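Asks: Quick one: the structure is below, questions incoming.
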Amino acid sequence: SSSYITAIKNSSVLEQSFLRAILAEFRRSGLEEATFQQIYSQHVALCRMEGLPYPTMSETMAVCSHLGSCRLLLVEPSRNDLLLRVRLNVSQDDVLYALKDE
Amino acid sequence: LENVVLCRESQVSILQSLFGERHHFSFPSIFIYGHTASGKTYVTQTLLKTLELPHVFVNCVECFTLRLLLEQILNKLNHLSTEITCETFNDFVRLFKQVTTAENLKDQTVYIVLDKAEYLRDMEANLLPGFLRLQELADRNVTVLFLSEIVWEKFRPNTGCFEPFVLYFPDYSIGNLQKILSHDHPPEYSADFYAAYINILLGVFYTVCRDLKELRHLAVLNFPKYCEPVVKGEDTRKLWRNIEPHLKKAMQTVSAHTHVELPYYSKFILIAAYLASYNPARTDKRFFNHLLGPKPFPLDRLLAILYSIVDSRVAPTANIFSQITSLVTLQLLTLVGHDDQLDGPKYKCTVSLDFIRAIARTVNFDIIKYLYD
Amino acid sequence: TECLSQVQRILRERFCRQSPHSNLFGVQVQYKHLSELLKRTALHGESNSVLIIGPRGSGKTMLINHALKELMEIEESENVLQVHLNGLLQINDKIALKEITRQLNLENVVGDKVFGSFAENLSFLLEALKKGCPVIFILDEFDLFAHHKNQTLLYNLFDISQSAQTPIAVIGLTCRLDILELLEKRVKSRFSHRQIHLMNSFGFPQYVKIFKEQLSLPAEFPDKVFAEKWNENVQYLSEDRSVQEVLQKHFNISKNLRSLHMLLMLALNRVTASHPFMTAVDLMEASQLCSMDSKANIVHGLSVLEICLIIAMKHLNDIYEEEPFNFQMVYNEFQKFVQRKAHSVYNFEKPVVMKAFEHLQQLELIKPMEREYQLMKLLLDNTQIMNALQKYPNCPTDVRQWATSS
Amino acid sequence: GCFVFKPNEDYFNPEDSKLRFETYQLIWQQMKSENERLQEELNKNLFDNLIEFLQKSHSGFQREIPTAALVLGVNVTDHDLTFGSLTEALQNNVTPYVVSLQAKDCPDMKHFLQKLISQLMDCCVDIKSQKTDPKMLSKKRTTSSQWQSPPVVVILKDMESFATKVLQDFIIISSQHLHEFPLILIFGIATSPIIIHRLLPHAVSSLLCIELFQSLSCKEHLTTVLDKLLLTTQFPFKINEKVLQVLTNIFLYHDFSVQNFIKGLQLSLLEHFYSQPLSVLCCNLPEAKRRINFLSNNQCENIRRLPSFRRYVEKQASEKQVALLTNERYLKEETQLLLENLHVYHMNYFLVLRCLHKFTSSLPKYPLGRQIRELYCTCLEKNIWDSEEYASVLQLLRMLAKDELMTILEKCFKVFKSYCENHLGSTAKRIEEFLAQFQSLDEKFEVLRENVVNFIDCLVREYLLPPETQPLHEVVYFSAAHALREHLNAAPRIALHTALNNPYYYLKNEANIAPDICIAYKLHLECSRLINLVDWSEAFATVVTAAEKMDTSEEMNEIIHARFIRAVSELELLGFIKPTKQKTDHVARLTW
Amino acid sequence: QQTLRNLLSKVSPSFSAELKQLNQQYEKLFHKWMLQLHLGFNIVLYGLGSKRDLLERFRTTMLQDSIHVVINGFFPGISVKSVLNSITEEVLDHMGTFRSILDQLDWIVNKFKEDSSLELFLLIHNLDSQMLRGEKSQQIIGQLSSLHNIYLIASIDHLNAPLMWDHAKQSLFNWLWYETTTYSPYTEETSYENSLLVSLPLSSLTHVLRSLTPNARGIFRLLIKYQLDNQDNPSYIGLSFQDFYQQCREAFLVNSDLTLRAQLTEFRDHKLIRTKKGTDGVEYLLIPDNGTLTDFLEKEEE
Ligand SMILES: Nc1ncnc2c1ncn2[C@@H]1O[C@H](COP(=O)(O)OP(=O)(O)OP(=O)(O)O)[C@@H](O)[C@H]1O
Ligand SMILES: Nc1ncnc2c1ncn2[C@@H]1O[C@H](COP(=O)(O)OP(=O)(O)OP(=O)(O)O)[C@@H](O)[C@H]1O
């Protein structure tokens with residue numbers, strides 16, 4: 001079986017909204033690259049919509065290194081810190097099925 | 001060594017509590033960030049000197065290679081013999097178990113204090129996550145105490161690591177900066193009067209630098225200058241109104257002359273290099289914003305504008321080309337094609353305009369309408 | 001008393017050393033999958049080489065050491081010769097060979113000839129062991145292990161695990177997900193595939209139970225009355241909804257079961273001076289000392305010349321947008337603001353303004369990508385500065401009007 | 001392909017080689033030795049201040065680290081000599097712990113520390129009679145417990161070519177523990193102390209103690225070495241004004257260095273000793289009198305037949321011309337007193353030239369010459385009283401007659417009152433002749449009339465053009481300007497332009513016959529915007545089709561194409577056209 | 001190339017007598033060179049035609065007694081490592097140290113100060129080339145030649161040939177400059193460089209492979225893997241220096257920024273990595289085909 005959808009299925013809430021921010025920016029741009037402040041703005045919008053508290057980017061970068069450690073996405077270093085160009089390691093319909101199934 | 005705290009008591013207390021007594025385990029790794037003013041080795045050294053938790057202190061500025069960093073850790077540790085050699089990391093984890101088996105330090109939580117870890121950040125990729133897991137790597141009751149200038153968020157290895165417990169040592173507050181910037185040790189005055197001086201000086205001066213070291217330096221400079229007309233003339237308000245006239249200029253003043261004699265063709269070379277750097281949107285044809293900086297331009301354009309500036313007896317000798325190479329070693333010109341080839345790349349100008357004005361005016365040339373207008 | 005030092009000693013080890021506490025939760029099926037495989041590779045000469053993948057901070061090392069201890073309890077010491085490696089220490093092949101020499105007590109025979117083919121080297125290690133026999137290879141931090149120059153200690157282990165048939169388990173402990181795709185194709189096609197574990201977390205209402213079973217004083221008795229009093233206090237704090245509120249807040253940032261250890265560790269550091277039974281508010285401030293905004297602590301501490309400079313950089317985004325700027329445009333914007341203002345307090349002259357830059361570069365809020373008037377890059381958010389300027393305690397009115405102008 | 005062969009002195013080449021070469025070696029070795037002594041004298045006022053400053057900043061040690069940033073000149077050529085002298089001075093009057101770093105032997109920190117401790121180990125192990133950092137401190141603790149713990153100083157030679165990282169790390173390491181190991185670094189800033197703020201960020205720049213020093217601005221260094229080296233009576237070999245003009249121009253315009261000037265004077269001396277067979281008696285006067293009296297007779301015919309002496313033949317009477325033409329015994333006698341007159345002309349020339357220099361440097365705006373160098377120039381290019389510049393001095397000197405002129409007549413008279421008996425015998429006894437004029441200086445008309453007779457006697461008597469006034473002057477003077485200038489400062493970018501545009505060497509080629517490559521370049525730059533390959537090959541084929549028919553077409557196309565491609569590889573090779581990649585083909589006109 | 005060079009020198013260079021005479025002007029100039037070189041000068045001579053045969057005739061007529069290291073500069077095998085290596089073995093009659101270039105530089109300096117009248121002087125054809133120059137490279141020749149006991153003679157061919165000497169670099173060898181012209185075509189350069197009418201084969205990459213550190217070999221393993229794995233993507237415009245820095249740093253091949261930049265610029269010398277500037281201004285890196293790039297590290301790992 002494939003590891004990645006089960007990793008998304010047992011991810012936390014802010015990770016799932018981070019992947020939703022990733023797909024929202026990838027629907028906006030169309031590209032496979034995105035910088036961290038763009039998906040951070042998308043993540044701020046989604047945490048606003050869900051009634052969650054404010055996503056500080058210490059937490060958002062901790063969760064970005066969480067998802068980059070587990071290779072659901074492909075990362076730039078934490079030294080660049082706002083200028084991280086992220087690619088998505090899995091295809092988009094896979095993560096749409098992963099957050100669509102429930 | 002004298003005052004342990006000077007009113008930063010809660011962070012001191014939670015760190016002191018976090019150490020615990022000796023026979024039980026503590027944290028693996030503790031990271032402390034904060035500003036460079038903020039006492040981050042004052043507080044921990046006066047904390048560690050009190051209880052005498054048997055510790056090793058290092059600076060990673062000192063150890064520029066990995067072997068010296070392991071060597072001084074193991075050599076300072078075993079005193080608490082010969083140089084107990086370790087070329088590699090696994091040698092350090094091997095010899096650490098033999099070193100930490102003595103009755104001074106068998107049960108005691110050994111602290112390996114690491115200062116200015118941002119230089120350790122580019123030592124290797126191995127050593128930082130290897131150092132963060134030392135409590136279960138060697139399993140010998142260790143707590144590696146980090147302190148750094150930089151945030152932890154850039155400091156992580158982008159694989160993840162054992163995330164340390166992270167403290168923020170706070171910056172000093174204003175009334176705390178009245179108190180702890182030497183309300184102790186005034187030699188000859190009342191402490192009220194030296195506090196009155198520095199209370200006047202600080203509230204003026206709390207907008208440029210909150211660094212305690214240089215403010216201690218500036219205070220011990222401009223306090224005897226303040227202190228002389230009290231003990232000579234004789235009322236704090238009048239000499240407050242005298243000391244701030246000196247304080248504005250002492251602020252402004254903390255670079256002899258910009259003019260440098262040059263050989264004559266070198267003067268004309270960098271005159272031509274400035275003039276082809278600062279308005280060069282193909283305005284070669286006319287005579288013969290500014291704020292973004294110097295635009296790059298190739299060598300033959302520089303030689304053509306050199307021929308236009310100088311009296312026409314110039315020959316392209318070996319010495320004028322050797323001189324144009326030797327201008328770059330003195331960093332008055334820069335090649336921005338770093339390796340494009342030996343043939344003449346874009347040479348961009350890197351000297352200020354007033355210096356250029358002085359070099360142009362010392363050989364009969366007014367150029368400011370000629371330069372960008 | 002006896003109680004406070006004893007509860008801190010017995011709770012601190014399973015707290016922050018991650019000592020072997022016997023309760024394990026969410027992992028029973030993966031453990032029971034591992035155990036019979038380990039029993040039949042250990043009891044018999046056959047060699048199968050399982051692989052485990054999970055996230056950092058959860059699972060792996062606790063599971064393999066717990067299964068290790070429970071297997072070591074069964075005798076016939078069975079002459080299983082375990083060997084612990086890590087990916088971090090043994091970076092190269094020459095270190096790895098001598099480390100296997102170290103663990104397997106080989107230096108009675110001297111072996112002092114560096115052989116060319118390292119299959120002969122590994123087979124000699126196993127050969128001189130075999131005439132002297134099971135081994136269990138615990139290959140921790142496999143993702144760093146997969147960056148050898150020639151992948152020797154990856155591939156020769158798999159070749160010997162299929163070919164020498166000395167009892168072997170190559171148990172790889174990884175952290176990144178693609179251990180197969182990062183693995184080179186001769187080894188990944190060779191013998192990487194024994195059955196692969198996956199490791200993940202579980203639901204929040206059982207995670208409150210794992211908080212309670214983590215925090216409770218154990219079946220070891222320091223003093224049984226204090227055990228009953230304190231774990232009843234653990235349950236009374238556990239049923240209170242503010243602890244549940246901060247624990248749900250901790251769940252959505254962290255499913256990790258390592259962050260819970262630290263979050264609870266700060267709370268237990270607070271408790272033994274007075275009120276040995278603690279509050280939900282004490283857990284709340286223990287969560288609060290685990291910070292959320294690392295950058296407001298940096299920006300909040302800075303003096304106001306750096307403040308008006310960094311809001312000038314923010315203003316450099318809000319005209320002539322998206323270039324990596326240099327010093328001169330920052331100087332121009334600062335001068336245009338200070339000429340908009342009437343007072344001559346803050347018209348600080350040119351070499352002072354460079355000092356704020358070369359202090360500010362050390363904080364890495366500004367990035368280098370010529371030497372002093374070039375191409376500097378900002379890595380920051382507006383809104384943390386907008387919150388920081390109202391939290392500045394001695395914030396002057398003119399930089400406040402600069403903030404409202406923006 | 002660097003193949004080595006293993007093999008498995010007094011050759012110079014009339015002008016016979018042995019005493020010629022020994023005369024060369026004597027003159028140049030003497031000149032170089034006195035050059036080094038006169039180098040080390042001038043910097044004493046500079047670095048004996050530095051000994052005071054370093055002694056004061058060491059002795060108050062019971063947070064700071066002292067730096068003394070020298071501002072040396074732009075001449076990197078002679079920076080070794082000042083540092084050798086300063087190393088000598090600081091080694092003698094302060095500590096025998098002086099090391100220097102070069103900024104080319106340490107790109108990073110391990111090299112820095114290893115070469116520093118190796119230099120320190122040899123410097124301590126000589127005068128008492130290892131990658132580690134704190135062992136250097138342990139070396140300081142062992143090796144000098146006593147003698148008031150003398151401070152180890154390092155000498156960074158180039159501040160500028162150091163990278164900032166290794167320098168910052170070293171200053172923070174040294175400033176961390178200077179409790180033991182007091183270190184006082186002295187980096188030689190090549191430009192100006194502005195750039196120590198540029199190369200050092202503010203935390204490390206705030207760590208220390210800056211006290212800058214000047215250095216000798218090089219114009220009043222070369223006035224000393226030109227003034228002592230050739231303007232004296234002492235050294236037997238003078239120089240022509242035109243060759244000197246070439247040497248001083250390539251000083252003052254391009255190079256701004258003095259070691260290059262001494263290389264130019266050495267080359268002039270060498271080429272003079274190659275050139276002419278009468279150069280052998282370039283000596284002092286009894287050493288001249290040694291073998292004037294015995295010499296080969298064809299060189300004595302050469303002493304008859306060189307053109308300055310034949311000018312002297314033209315001005316003289318027949319009854320001694322008939323015996324002095326050919327016979328050696330009288331030719332020795334007249335040439336000996338001619339060489340004595342040469343020394344006489346030098347000795348009465350130079351001291352009154354210095355007198356005129358002091359009398360002219362006193363003037364407002366100094367219209368004749370700025371310094372002592374150019375006064376040699378203005379009295380030899382034009383005739384001096386013919387020229388308008390000494391006319392401007394003479395027009396100036398009338399109404400300048402006040403007590404400034406009398407006071408500086410007294411002052412210039414005092415400085416050549418030191419040179420009164422430093423001349424010690426004058427060739428007209430002009431010291432006490434002019435001093436007999438100059439002794440009424442203590443007792444406003446008299447300054448005017450005394451001025452008139454002094455400059456008239458002075459300048460009309462001796463201050464004349466040395467070639468025409470003096471026969472046998474070729475022996476002392478060397479003159480070949482644009483022979484030398486191309487040896488010392490050549491121009492290949494003019495040489496290729498010349499030999500490519502006009503490759504006429506001596507049959508008909510000046511404005512099609514005997515290039516291949518100049519045909520290629522000339523035809524390249526007859527279509528002078530840019531070029532593509534095939535049409536350029538056809539144009540070259542057209543012009544050597546003309547060359548062929550001014551003395552089958554497919555074999556001719558083959559050989560024309562082959563010699564075309566042999567030409568075009570060189571025209572790429574020699575700094576012209578750069579290959580235009582990824583297109584079909586073209587060439588790019590890279591030099592206009 | 002070969003069938004192109006069969007037609008070379010078929011019939012008739014259009015002058016021979018003045019070429020023989022113009023070269024025959026310069027044979028009188030040689031004892032001046034020997035004396036001038038004995039005093040410690042250094043002769044550069046430039047020209048428009050081939051003058052290495054004049055230097056060969058010079059070394060035949062006057063260098064039958066002394067050591068000469070005839071360093072060709074035209075074929076791409078020679079770098080200054082080979083200069084120091086051959087001058088260590090084949091001149092000093094024993095091998096030297098091996099750790100670094102500066103160590104053998106200082107050591108070969110150190111051998112000559114004690115051994116008087118050893119009297120070795122090399123001479124270099126084509127001192128300016130694509131391979132010979134460099135601030136690491138030329139300064140070793142300079143520091144070598146600055147001594148009393150070593151007398152180099154060179155030839156420069158380029159139009160920008162005195163661009164690679166600062167005054168401090170120029171003060172190491174006392175230059176004086178001769179003018180020559182021969183008009184002979186430079187047959188060795190034009191032979192052994194290239195011809196355009198017909199990339200790099202395996203031999204020079206094996207020679208760089210055998211003269212570099214194994215960590216540099218592991219570095220170009222990474223770079224050639226990232227090149228070969230994205231060969232048919234026309235948007236792949238090369239890795240950045242920062243991306244290659246971190247992907248080199250993850251496999252522990254190099255420690256610092258400056259070490260990797262120095263390795264990059266000494267591999268940029270060999271023309272097996274080219275820098276391209278994109279619209280950011282940041283230099284990306286791509287080397288000059290794909291099928292010749294799999295043969296090496298196919299065979300470097302069997
Ligand atoms: N609370 C305090 N009371 C008295 N002096 C203090 C206090 N805090 C800091 N200092 C001064 O600061 C110096 C120590 O500097 P500090 O501890 O700030 O270094 P640091 O924070 O480690 O520096 P960096 O962060 O740059 O490594 C001491 O010498 C002392 O003079
Ligand atoms: N199911 C579980 N049962 C008991 N403890 C657990 C469980 N999951 C996680 N933990 C705790 O989480 C931490 C896991 O540490 P461990 O080293 O075993 O895994 P890991 O940290 O992911 O591995 P690595 O050290 O390679 O990152 C330990 O504190 C362990 O006590």
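Chain lettering (A, B, ...) mirrors the order of the structure tokens, residue numbering begins at 1 for each chain separately, and ligand numbering begins at 1 in order of display.
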As number ranges by chain, please: the residues near range 179-181 of chain C (cut-off 12 Å, only C-alpha atoms, same-chain neighbours under 6 positions excluded).
Replies: A: 2-3, 70-71, 89; C: 51-54, 141-147, 154, 172-173, 187-194, 196-198
Asks: Using only C-alpha atoms and all ligand atoms, find each protein or nucleic acid residue lying at most 10 Å from ligand 1; present the set as a ChimeraX atom specification.
Replies: /B:1-9,32-46,59,61,115-118,147-150,169,171-172,176-177,179-182,184,211-214,216 /C:362 /D:63,203
Asks: Could you take the residues named above and write them with C-alpha atoms, as a PDB file, in the first residue's frame?
Replies:
ATOM      1  CA  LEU B   1      31.304  37.745  38.991  1.00  0.00           C
ATOM      2  CA  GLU B   2      29.731  39.794  41.756  1.00  0.00           C
ATOM      3  CA  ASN B   3      26.031  40.253  41.029  1.00  0.00           C
ATOM      4  CA  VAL B   4      24.314  37.108  39.822  1.00  0.00           C
ATOM      5  CA  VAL B   5      20.988  38.549  38.696  1.00  0.00           C
ATOM      6  CA  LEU B   6      20.559  42.317  38.675  1.00  0.00           C
ATOM      7  CA  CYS B   7      16.797  41.805  38.364  1.00  0.00           C
ATOM      8  CA  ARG B   8      16.216  39.101  35.790  1.00  0.00           C
ATOM      9  CA  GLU B   9      15.095  36.750  38.486  1.00  0.00           C
ATOM     10  CA  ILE B  32      18.539  29.957  24.783  1.00  0.00           C
ATOM     11  CA  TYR B  33      18.133  32.779  22.339  1.00  0.00           C
ATOM     12  CA  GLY B  34      18.002  36.505  22.898  1.00  0.00           C
ATOM     13  CA  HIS B  35      19.800  39.697  21.999  1.00  0.00           C
ATOM     14  CA  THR B  36      23.585  39.936  22.345  1.00  0.00           C
ATOM     15  CA  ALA B  37      23.254  42.560  25.061  1.00  0.00           C
ATOM     16  CA  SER B  38      20.985  40.461  27.180  1.00  0.00           C
ATOM     17  CA  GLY B  39      23.377  38.771  29.577  1.00  0.00           C
ATOM     18  CA  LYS B  40      23.171  35.359  27.974  1.00  0.00           C
ATOM     19  CA  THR B  41      26.598  34.326  29.169  1.00  0.00           C
ATOM     20  CA  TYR B  42      26.582  36.595  32.208  1.00  0.00           C
ATOM     21  CA  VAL B  43      23.483  34.919  33.643  1.00  0.00           C
ATOM     22  CA  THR B  44      24.453  31.336  32.949  1.00  0.00           C
ATOM     23  CA  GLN B  45      28.031  31.692  34.174  1.00  0.00           C
ATOM     24  CA  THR B  46      27.016  33.347  37.402  1.00  0.00           C
ATOM     25  CA  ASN B  59      33.135  28.980  22.515  1.00  0.00           C
ATOM     26  CA  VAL B  61      34.259  30.927  17.648  1.00  0.00           C
ATOM     27  CA  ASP B 115      28.495  29.450  23.294  1.00  0.00           C
ATOM     28  CA  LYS B 116      27.711  31.230  19.997  1.00  0.00           C
ATOM     29  CA  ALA B 117      26.306  28.212  18.228  1.00  0.00           C
ATOM     30  CA  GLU B 118      25.654  30.068  14.938  1.00  0.00           C
ATOM     31  CA  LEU B 147      22.935  29.625  23.777  1.00  0.00           C
ATOM     32  CA  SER B 148      22.882  31.632  20.599  1.00  0.00           C
ATOM     33  CA  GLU B 149      22.310  34.921  18.876  1.00  0.00           C
ATOM     34  CA  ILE B 150      20.044  33.470  16.226  1.00  0.00           C
ATOM     35  CA  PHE B 169      16.006  35.647  27.710  1.00  0.00           C
ATOM     36  CA  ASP B 171      15.734  42.329  26.754  1.00  0.00           C
ATOM     37  CA  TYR B 172      16.414  44.726  29.632  1.00  0.00           C
ATOM     38  CA  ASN B 176      16.072  48.038  34.847  1.00  0.00           C
ATOM     39  CA  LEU B 177      18.527  49.788  32.563  1.00  0.00           C
ATOM     40  CA  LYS B 179      19.322  50.117  37.881  1.00  0.00           C
ATOM     41  CA  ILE B 180      21.698  47.619  36.349  1.00  0.00           C
ATOM     42  CA  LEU B 181      23.831  49.985  34.316  1.00  0.00           C
ATOM     43  CA  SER B 182      26.159  50.599  37.262  1.00  0.00           C
ATOM     44  CA  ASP B 184      26.598  49.791  41.943  1.00  0.00           C
ATOM     45  CA  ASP B 211      23.691  47.297  24.464  1.00  0.00           C
ATOM     46  CA  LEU B 212      24.952  47.285  28.040  1.00  0.00           C
ATOM     47  CA  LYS B 213      28.637  46.939  27.152  1.00  0.00           C
ATOM     48  CA  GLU B 214      29.022  49.980  24.939  1.00  0.00           C
ATOM     49  CA  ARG B 216      28.875  51.123  30.070  1.00  0.00           C
TER      50      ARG B 216
ATOM     51  CA  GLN C 362      23.194  39.428  12.704  1.00  0.00           C
TER      52      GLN C 362
ATOM     53  CA  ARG D  63      37.943  45.005  26.653  1.00  0.00           C
ATOM     54  CA  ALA D 203      31.148  44.477  16.510  1.00  0.00           C
TER      55      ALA D 203
END
Asks: Could I get the residues of chain C with an atom no further than 8 Å from an atom of ligand 2, each paired with its nearest atom pair and that distance in Å to one decimal, using only C-alpha atoms and all ligand atoms, sorted by chain and residue number, as a Markdown table?
Replies:
| residue | atom | partner | partner_atom_place_in_ligand_line | distance |
| --- | --- | --- | --- | --- |
| C:14 | CA | ligand 2 | 31 (O) | 7.5 |
| C:15 | CA | ligand 2 | 29 (O) | 7.6 |
| C:16 | CA | ligand 2 | 29 (O) | 7.5 |
| C:17 | CA | ligand 2 | 29 (O) | 7.7 |
| C:18 | CA | ligand 2 | 29 (O) | 4.5 |
| C:19 | CA | ligand 2 | 31 (O) | 6.9 |
| C:20 | CA | ligand 2 | 31 (O) | 7.2 |
| C:21 | CA | ligand 2 | 4 (C) | 7.3 |
| C:22 | CA | ligand 2 | 4 (C) | 7.7 |
| C:23 | CA | ligand 2 | 4 (C) | 6.2 |
| C:24 | CA | ligand 2 | 3 (N) | 3.5 |
| C:25 | CA | ligand 2 | 1 (N) | 4.3 |
| C:26 | CA | ligand 2 | 1 (N) | 5.1 |
| C:27 | CA | ligand 2 | 1 (N) | 5.1 |
| C:54 | CA | ligand 2 | 22 (O) | 6.6 |
| C:55 | CA | ligand 2 | 22 (O) | 5.6 |
| C:56 | CA | ligand 2 | 22 (O) | 3.7 |
| C:57 | CA | ligand 2 | 21 (O) | 3.3 |
| C:58 | CA | ligand 2 | 9 (C) | 3.7 |
| C:59 | CA | ligand 2 | 8 (N) | 4.0 |
| C:60 | CA | ligand 2 | 19 (O) | 4.2 |
| C:61 | CA | ligand 2 | 18 (O) | 3.4 |
| C:62 | CA | ligand 2 | 18 (O) | 3.7 |
| C:63 | CA | ligand 2 | 18 (O) | 6.3 |
| C:64 | CA | ligand 2 | 18 (O) | 7.9 |
| C:140 | CA | ligand 2 | 26 (O) | 6.8 |
| C:141 | CA | ligand 2 | 26 (O) | 6.1 |
| C:173 | CA | ligand 2 | 26 (O) | 6.8 |
| C:174 | CA | ligand 2 | 26 (O) | 6.8 |
| C:175 | CA | ligand 2 | 26 (O) | 6.5 |
| C:201 | CA | ligand 2 | 8 (N) | 7.9 |
| C:256 | CA | ligand 2 | 12 (O) | 7.0 |
| C:257 | CA | ligand 2 | 12 (O) | 4.9 |
| C:258 | CA | ligand 2 | 12 (O) | 4.9 |
| C:261 | CA | ligand 2 | 29 (O) | 7.1 |
Asks: Could you write out the selected residues, including C-alpha atoms, as a tab-separated table (two decimals), in the first residue's frame?
Replies:
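The file below, again.tsv, is the result:
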chain	number	residue	atom	x	y	z
C	14	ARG	CA	9.97	8.61	32.11
C	15	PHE	CA	9.21	12.27	31.38
C	16	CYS	CA	12.31	13.65	29.77
C	17	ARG	CA	14.86	10.86	29.42
C	18	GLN	CA	12.08	8.89	27.64
C	19	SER	CA	12.71	6.01	30.00
C	20	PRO	CA	11.03	2.61	29.38
C	21	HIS	CA	7.57	3.07	30.86
C	22	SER	CA	5.60	-0.09	30.29
C	23	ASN	CA	2.38	1.41	28.96
C	24	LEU	CA	2.43	1.56	25.19
C	25	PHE	CA	-0.57	2.72	23.25
C	26	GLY	CA	-1.64	2.82	19.62
C	27	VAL	CA	1.12	0.43	18.58
C	54	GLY	CA	7.46	6.80	11.03
C	55	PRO	CA	7.65	10.49	11.91
C	56	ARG	CA	10.21	11.94	14.31
C	57	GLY	CA	9.42	11.95	18.00
C	58	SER	CA	7.08	8.97	18.01
C	59	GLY	CA	7.38	5.25	18.23
C	60	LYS	CA	10.42	3.66	16.75
C	61	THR	CA	13.25	3.36	19.24
C	62	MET	CA	10.93	2.65	22.17
C	63	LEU	CA	9.26	-0.16	20.21
C	64	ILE	CA	12.45	-1.84	19.07
C	140	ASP	CA	19.15	3.66	13.22
C	141	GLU	CA	18.77	6.88	11.20
C	173	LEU	CA	14.99	2.83	11.48
C	174	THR	CA	14.12	5.75	9.21
C	175	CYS	CA	12.50	9.16	9.43
C	201	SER	CA	-1.00	8.63	15.67
C	256	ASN	CA	3.87	13.85	18.24
C	257	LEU	CA	3.82	12.32	21.78
C	258	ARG	CA	7.10	14.07	22.48
C	261	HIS	CA	6.51	15.23	27.51
Asks: Using only C-alpha atoms, which protein or nucleic acid residues come within 8 Å of range 45-61 of chain A? Drop anything in the same chain fewer than 5 positions from it, and give the result as a VMD selection string.
Replies: (chain A and resid 17 21 40 78 81) or (chain B and resid 153) or (chain C and resid 253 292 to 295)
Asks: Please check the contacts: residues of chain A at most 6 Å away from chain C, using only C-alpha atoms, listed as a PyMOL selection string.
Replies: chain A and resi 12-14+69-71+82
Asks: Could you work out which residues of chain C fall inside 9 Å of chain B? Count only C-alpha atoms, and format the result as a ChimeraX atom specification.
Replies: /C:8-10,12-13,16-18,56-57,88-91,95,99,175-176,259,262,266,269-270,289-291,294-295,297-298,300-306,325-326,328-329,332,348-349,351-352,356,362-364,370,373-374,394
Asks: Identify all chain A residues at most 12 Å from chain E by counting only C-alpha atoms; ligands do not count. Present them as JSON, numbers by chain.
Replies: {"A": [75, 76, 77, 78, 79, 80, 84, 85]}
Asks: Store the residues picked out above in a file with C-alpha atoms, as an mmCIF file, in the first residue's frame.
Replies:
data_model
loop_
_atom_site.group_PDB
_atom_site.id
_atom_site.type_symbol
_atom_site.label_atom_id
_atom_site.label_comp_id
_atom_site.auth_asym_id
_atom_site.auth_seq_id
_atom_site.Cartn_x
_atom_site.Cartn_y
_atom_site.Cartn_z
ATOM 1 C CA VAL A 75 11.450 21.623 0.776
ATOM 2 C CA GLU A 76 13.967 24.474 0.699
ATOM 3 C CA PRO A 77 15.944 25.088 3.955
ATOM 4 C CA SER A 78 14.669 26.678 7.115
ATOM 5 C CA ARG A 79 17.544 29.167 6.765
ATOM 6 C CA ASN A 80 15.596 30.853 3.961
ATOM 7 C CA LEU A 84 11.212 28.499 1.118
ATOM 8 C CA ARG A 85 10.230 27.233 -2.301
#
